[PDB]
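Note sheet for the following structure.
Numbers restart at 1 for each chain; the letters A, B, ... are given by sequence-line order, proteins then strands.
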Amino acid sequence: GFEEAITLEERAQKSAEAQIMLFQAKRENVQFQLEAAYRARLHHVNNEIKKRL
Amino acid sequence: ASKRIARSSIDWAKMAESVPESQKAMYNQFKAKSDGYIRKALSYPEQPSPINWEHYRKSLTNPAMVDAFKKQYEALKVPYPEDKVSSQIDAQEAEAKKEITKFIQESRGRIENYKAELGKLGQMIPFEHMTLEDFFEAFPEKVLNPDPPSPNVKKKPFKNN
């Protein structure tokens, strides 16, 4: 039981490290969403110009 | 471009090695909802269709409109959208760092306690050579005069009513 408790504390520390990975993935996902919205507005502008032509 | 939209991601392999399933079932949303931001990232490139101005010059008697529209298209460039969530994410990251530091400190204290208990139990005298007082020294529950008594001093002969 003592050895299993030690290994579970190690797993908890690894969970904290993967929480840091989660926050980095969160800010990456926000940048991905913002860039994708920029691509859509570029597409909308190009589609309108093609419609005028 | 298509650099940080189409051809980039975050390694989910190390993410799934820590999450305790039902405790972090929102990861099933996080791997899926962000995948939605990957699915729209499958669409939406920078330039979806370049304009063949030569084709419109050939298809129109007066190509001055084609040249004017080409000049207007080249004169307009959309920049990257504004951001106001960066400070919020940095604040969440700082709060996460403080909570992780606190949790690591608590884990260090619990590890030290468990190692002390394991060392104490390793250093105990074996039960074959243990007198009935060395057992009561290593297990200080004992049986005392101001204690709930019984002729069979057991774990359930008193109270429980």
Side-chain angles (χ1 to χ4, degrees), chain A, chain B residues 1-5 8-12 14-20 24 27 30 33-34 37-38 40-41 43-51 53 56 65-66 69 72-73 76 78-83 85-86 89-90 92-93 96-97 99-100 103-104 107-108 110-111 114-115 117-118 121:
Chain A
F2 287 164
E3 296 160 9
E4 286 182 4
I6 291 302
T7 60
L8 261 51
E9 292 295 327
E10 301 158 359
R11 286 192 177 97
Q13 298 158 347
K14 298 179 187 60
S15 178
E17 304 149 18
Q19 185 189 189
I20 309 174
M21 297 182 177
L22 155 87
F23 276 92
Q24 203 276 341
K26 279 179 175 181
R27 74 182 192 94
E28 282 279 348
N29 190 23
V30 171
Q31 295 176 13
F32 266 67
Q33 183 184 347
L34 279 180
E35 191 178 4
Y38 165 71
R39 307 307 184 186
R41 302 307 185 267
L42 225 169
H43 202 330
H44 194 9
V45 167
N46 182 83
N47 204 338
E48 287 293 329
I49 292 301
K50 184 180 181 179
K51 190 179 180 182
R52 298 307 165 270
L53 263 302
Chain B
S2 296
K3 301 301 171 57
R4 315 112 55 188
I5 156 164
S8 177
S9 178
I10 313 105
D11 174 71
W12 316 95
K14 298 184 176 181
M15 188 175 190
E17 297 180 2
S18 83
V19 281
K24 296 309 167 192
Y27 153 75
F30 188 81
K33 294 178 183 179
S34 60
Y37 304 116
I38 302 175
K40 293 190 173 182
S43 72
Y44 296 149
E46 195 269 346
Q47 181 76 15
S49 60
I51 298 180
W53 307 103
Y56 286 91
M65 301 177 300
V66 186
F69 271 107
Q72 288 175 349
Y73 188 82
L76 258 300
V78 194
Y80 299 145
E82 287 276 353
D83 185 20
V85 217
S86 61
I89 290 178
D90 292 328
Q92 292 171 194
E93 178 192 3
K97 286 169 178 176
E99 292 181 2
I100 280 162
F103 199 87
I104 282 178
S107 300
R108 285 168 183 170
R110 284 168 293 182
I111 280 176
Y114 290 150
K115 284 188 177 180
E117 292 174 42
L118 226 175
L121 295 197

- Could you look at B:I111 and say if it's the side chain, the backbone, both or neither that has a heavy atom under 4.5 Å from chain A? both
- Query: Given B:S8 and A:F32, is the side-chain contact (heavy atoms from CB on, under 4.5 Å) satisfied, shown in steps?
  - Reply: CA-CA 9 Å; B:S8 177; A:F32 266 67; 3.5 Å; yes
- To the nearest 0.5 angstrom, please state how far the CD atom of A:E17 sits from the CE atom of B:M15. 14.0 Å
- Task: On the 0 to 90° scale, with breaks at 30° and 60°, tag the A:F2-B:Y114 ring pair as parallel, tilted or perpendicular.
- Result: parallel
- Relative to chain A, which segment of B:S43 carries a heavy atom at a distance below 4.5 Å: side chain, backbone, both, or neither? neither
- Query: Any chance NZ of A:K14 has more than 12 other-residue heavy atoms, nucleotides or ligands included, within less than 6.0 Å?
  - Reply: yes
- Is it true that a side-chain atom of B:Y27 and a backbone atom of A:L22 form a donor plus acceptor pair closer than 3.5 Å? no
- Task: Examine whether an atom of A:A40 lies under 4.5 Å from a heavy atom of chain B, and if so say whether it belongs to the side chain, the backbone or both; otherwise answer neither.
- Result: both
- Proximal component of B:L118, with respect to chain A [non-hydrogen, under 4.5 Å]: both
- Query: Most heavy-atom pairs under 4.5 angstrom with chain A, which of B:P20, B:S107, B:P50?
  - Reply: B:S107
- To the nearest 0.5 angstrom, please state how far the CD atom of A:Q19 sits from the CD atom of B:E93. 11.0 Å
- Do you know which two heavy atoms are closest between A:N46 and B:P48, and how far apart they sit? ND2-CG, 4.2 Å
- Message: Please identify, among B:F69, B:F103, B:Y44, B:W12, the residue contributing the most non-hydrogen atom pairs under 4.5 Å to chain A.
- Response: B:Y44
- Against chain B, label A:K26 side chain, backbone, both or neither, depending on which of its atoms sit under 4.5 Å from a heavy atom there. both
- Contact origin within B:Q72 toward chain A - heavy atom pairs under 4.5 Å: neither
- Query: After noting the C-alpha distance and the side-chain angles of B:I10 and A:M21, does the key distance pass the side-chain contact (heavy atoms from CB on, under 4.5 Å) rule?
  - Reply: CA-CA 9 Å; B:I10 313 105; A:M21 297 182 177; over 6 Å; no
- Note on the structure: d(A:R39 CZ, B:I5 CD1) to nearest 0.5 Å is 6.0 Å
- Query: Say you draw a straight line from CD of A:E35 to OH of B:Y37; how long is it, rounded to the nearest 0.5 Å?
  - Reply: 15.0 Å
- One should read off an interatomic distance between A:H43 NE2 and B:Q47 CD, to the nearest 0.5 angstrom, of 9.5 Å
- Which one, B:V78, B:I89, B:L121, B:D83, leads in non-hydrogen pairs under 4.5 Å with chain A? B:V78
- Task: Take A:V45 and B:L76, measure what side-chain contact (heavy atoms from CB on, under 4.5 Å) needs, and give me the verdict at the end.
- Result: CA-CA 10 Å; A:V45 167; B:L76 258 300; over 6 Å; no
- Query: Checking heavy atoms, do the side chain of B:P79, its backbone, both or neither come under 4.5 Å from chain A?
  - Reply: backbone
- Item | Which of A:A18, A:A16, A:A25, A:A37 touches chain B most, by non-hydrogen pairs under 4.5 Å | A:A25
- Message: Using every non-hydrogen atom in the two residues, find where B:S18 and A:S15 come nearest and quote the distance to one decimal.
- Response: CB-CA, 3.7 Å
- Query: For chain B, which residues from residues 4-11 of chain A have at least one heavy atom closer than 4.5 Å to it?
  - Reply: A:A5, A:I6, A:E9
- At what distance, to the nearest 0.5 angstrom, does CD1 of B:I100 lie from CD1 of A:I20? 4.0 Å
- Nearest heavy atoms of A:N29 and B:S34, plus distance in Å: ND2-CB, 3.4 Å
